[PDB]
Every structure is written in structure tokens, then in C-alpha cells.
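Heads up, the thing below is written out as C-alpha cells.
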Amino acid sequence: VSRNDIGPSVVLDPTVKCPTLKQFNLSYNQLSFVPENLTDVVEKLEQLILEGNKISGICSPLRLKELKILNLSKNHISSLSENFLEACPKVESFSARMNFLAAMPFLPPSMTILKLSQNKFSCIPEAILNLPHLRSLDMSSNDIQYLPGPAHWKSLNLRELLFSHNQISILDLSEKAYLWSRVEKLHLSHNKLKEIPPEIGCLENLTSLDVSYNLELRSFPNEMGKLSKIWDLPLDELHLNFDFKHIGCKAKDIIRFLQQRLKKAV
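Counting from 1 along the sequence shown, just add 1064 to a position and that's the residue number in the UniProt record's numbering.
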């Protein structure tokens, strides 16, 4: 039930027991609070989706035993209770976009996909750095300053790191770079990047790099030629050390070109 005009509170009767409900969609209604009694009514719930609503307050502990896909996008959420996800040990795809969020409550160690785009962040909080199973992270359109190097993430399964439209100065990769050898998407567009460090050739599996619209790059390192898997590489609105986009330079030759400059360049 996911586009109707459901009123402020959607309290469920505490005396009904529906242990069969798996997916309870309530998006784009006019809720101003999370539904009241999910724990006592829908025990085996899996995908509680609540996007598009007007959820405002600091939420409740939400003691759901078998969640797998939370969703709180497009609400007006200021902050979550430090014990918000402290009772859902199975969450896998928490997503809170377009909110007004700044800090993260304890995230369970079972997170796999985690999207927090269009929020108002300042730094990737230490609660996301310590998720030993994280597998994707969309933190676009926040105003973060420092992207921690790969020696700070405690999870070897990074696959995607979207970080567009932030304000990122450096791309520190020198301390330890092979931990991100599985990263398959590193979107850094619209950032205040200055140079792309030469250790970025260690991300051998990098399949879609995106460093466009930086306006302060001026150079791709000759080490980037080792990214044999790249199939797209936007060059929009940044000036490099070569003249591309004739009819070719289709983000695959640029890797060959940058690779030939590694054998011997004159």
C-alpha cells in the first residue's frame, strides 16, 4: 500500500498477529512517524519500506528480528537513536537518502549495501568504517572532507564506493592499496581532487572509474594503464595532458595509451 494518503500515524492493532507478512511497503504515504507496533504484529517481516513519507522524529529501537531491507529515503530525518538498529541482526540493505542526517547509530555487522546519498554529512562516521561485511556504499552529494585510506575500512569486500559531489581534497592510497583490489566502482566526480595517486593501479578490478568535473586534475598517472577492466571513464569538464575525444578515446584506449607510456615515454 504505497502511494495512498495515509494519515500521520499508522498504528497497527497490537492484538493481531500476522507472522506471514514478508514485505510491508508503505512508501510515499503521509506518515509522520514510523508505524507503531511492527514487533508485536509482523514478527517475520523482511522488507520494511517507508520512503517518500514525512518521518521526522528520532526513531524507536524498532525491535524487528528478521529485517533484511530497511528503507527511509526522502523523509525529513534529523538523527537516529544510538540504539536504532541495535535489535535487527539481519539487516542487509539499509538506505536513507535525501534526509538531513549527520551521524550513524550502531550499524549491525551484517550490512552489505548501504546508501546515504543527498544527506548532510561531514565525515564518513566511524560506525561505517567498522562494518566487517560492507559491500557497497553510496555517499554522494554530502559535504565530506576526508575520504579515509584503505587501511581504515576493516572490510575486504568493498565493491562500490560512490562519492560524487562531495568536497574531497586528497585520494590517499599510499598507506595500503591492495585492500581495495576488489573495488569495481570508484565515483569521485564533482570533487575538489588535485591529483590521482599512482597507487590507483593496485585496484586491478576497477571496472568503472569516474573522476570527471574536477577542474583541478591536469594529469592521469601512467600507472592507470594497469586497470585492464575499465570500460567507462568520463572525461567531462577536465583538461588532461593529451587531446582526447576525436571520434575515439572511448575510455578503453586511454588505458592502453596510458599503458604504453609506462613501457617508455619520450
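Ideal Cβ placement from N, Cα and C applies to all residues, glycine included.
(Q) Using a 10 Å radius around the Cβ and a threshold of 16 neighbouring Cβ atoms, would you call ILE1311 buried or exposed? (A) To locate residue 1311, count along the sequence shown from 1; it is residue 247. It counts as exposed.
Q) Where do the N-terminal and C-terminal ends of the alpha helix (DSSP H) with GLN1324 fall, by residue? A) Counted from its first residue, the sequence shown places residue 1324 at position 260. Here the alpha helix (DSSP H) through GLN1324 covers 1317-1327.
Q | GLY1265, buried or exposed, once every other Cβ within 10 Å from all chains shown has been counted against 16 | A | As a first step, residue 1265 must be located in the sequence shown, where it is residue number 201. Looking at its Cβ environment, which holds 16 or more other Cβ atoms inside 10 Å, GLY1265 is buried.
(Q) I'd like to know whether the C-beta atoms of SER1142 and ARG1161 end up nearer to each other than 9 Å. (A) Reading the sequence shown from its first residue, position 78 is the one you call residue 1142. Reading the sequence shown from its first residue, position 97 is the one you call residue 1161. No, they are not a contact pair.
Q: List the endpoints of the continuous alpha helix (DSSP H) containing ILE1192.
A: Counting from 1 along the sequence shown, the entry for residue 1192 is found at position 128. Looking at the DSSP string, the run of the alpha helix (DSSP H) that includes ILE1192 is 1190-1193.
Q | Those runs of the alpha helix (DSSP H) which lie wholly inside the stretch 1116-1153 and span at least 4 residues | A | None, since the stretch 1116-1153 contains no complete alpha helix (DSSP H) of that length.
Q | Under the three-state DSSP convention, the category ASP1104 falls into | A | Counting from 1 along the sequence shown, the entry for residue 1104 is found at position 40. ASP1104 falls in the helix class under three-state DSSP.
Q. In chain order, which continuous runs of the beta strand (DSSP E) of length 3 or greater are located wholly inside the stretch 1242-1275?
A. 1249-1251
Q: Taking only heavy atoms of the ligand COA into account, decide whether any of them is closer than 8 Å to the Cβ of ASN1093.
A: In the structure on display, the ligand COA does not appear, and there are no ligands present to speak of.
Q. What's the call for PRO1083, buried or exposed, on a 16-neighbour Cβ count within 10 Å?
A. Walking along the sequence shown from the start, residue 1083 turns up at place 19. That one is exposed.
Q) Is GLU1287 helix, strand or coil when you go by DSSP? A) Along the sequence shown, one-based indexing puts residue 1287 at 223. It is helical.
Q. Between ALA1241, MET1288, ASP1207 and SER1228, which lies nearest to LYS1218 when the distance is taken from Cα to Cα?
A. Counted from its first residue, the sequence shown places residue 1218 at position 154. Residue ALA1241 is the option with its Cα nearest to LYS1218.
Q: With a floor of 3 residues, list each beta strand (DSSP E) that falls wholly inside the stretch 1169-1227, ordered by position along the chain.
A: 1177-1179, 1200-1202 and 1224-1226
Q) So what does DSSP say about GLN1111, is it helix, strand or coil? A) Along the sequence shown, one-based indexing puts residue 1111 at 47. Three-state DSSP puts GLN1111 in a strand.
Q. Within this structure, are the beta carbons of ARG1282 and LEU1299 separated by less than 9 Å?
A. As a first step, residue 1282 is located in the sequence shown; it is residue number 218 there, counting from the start. As a first step, residue 1299 is located in the sequence shown; it is residue number 235 there, counting from the start. In this structure, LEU1299 does not lie closer than 9 Å to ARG1282 by Cβ.
Q: Could you tell me how far apart the beta carbons of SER1272 and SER1253 are, in whole angstroms, since I believe they sit closer than 8 Å?
A: Taking the first residue of the sequence shown as 1, we reach residue 1272 at position 208. Taking the first residue of the sequence shown as 1, we reach residue 1253 at position 189. Actually they do not touch by this definition, with Cβ atoms about 11 Å apart.
Q.
Considering only their Cβ atoms, is the gap separating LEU1095 from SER1073 smaller than 9 Å?
A. Here residue 1073 refers to the residue found at position 9 when the sequence shown is read from its first residue. Here residue 1095 refers to the residue found at position 31 when the sequence shown is read from its first residue. Their beta carbons are under 9 Å apart, which means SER1073 touches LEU1095 by this criterion.
Q) What does a CB cutoff of less than 8 Å around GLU1263 pick up in its chain, not counting 5 residues either side in sequence? A) Residue mapping note: residue 1263 aligns to position 199 of the sequence shown, counting from 1. Within the same chain, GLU1263 has close Cβ partners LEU1237, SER1238, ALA1241 and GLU1287.
Q: Helix, strand or coil for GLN1087, going by three-state DSSP, please let me know.
A: Taking the first residue of the sequence shown as position 1, residue 1087 is located at position 23. The answer is strand: DSSP assigns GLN1087 an E or B state.
Q. CA-CA distance, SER1066 and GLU1156?
A. Here the question's residue 1066 lines up with position 2 in the sequence shown. Here the question's residue 1156 lines up with position 92 in the sequence shown. Looking at the two C-alpha atoms, the distance is approximately 22 Å.
Q) How about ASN1269 and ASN1230: are their beta carbons less than 9 Å apart? A) Locating residue 1269 in the sequence shown gives position 205, where the first residue counts as 1. Locating residue 1230 in the sequence shown gives position 166, where the first residue counts as 1. No, they are not a contact pair.
**Q.** Where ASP1296 sits in the DSSP three-state scheme
**A.** Your numbering for residue 1296 matches position 232 in the sequence shown. DSSP places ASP1296 in strand when its eight states are reduced to three.
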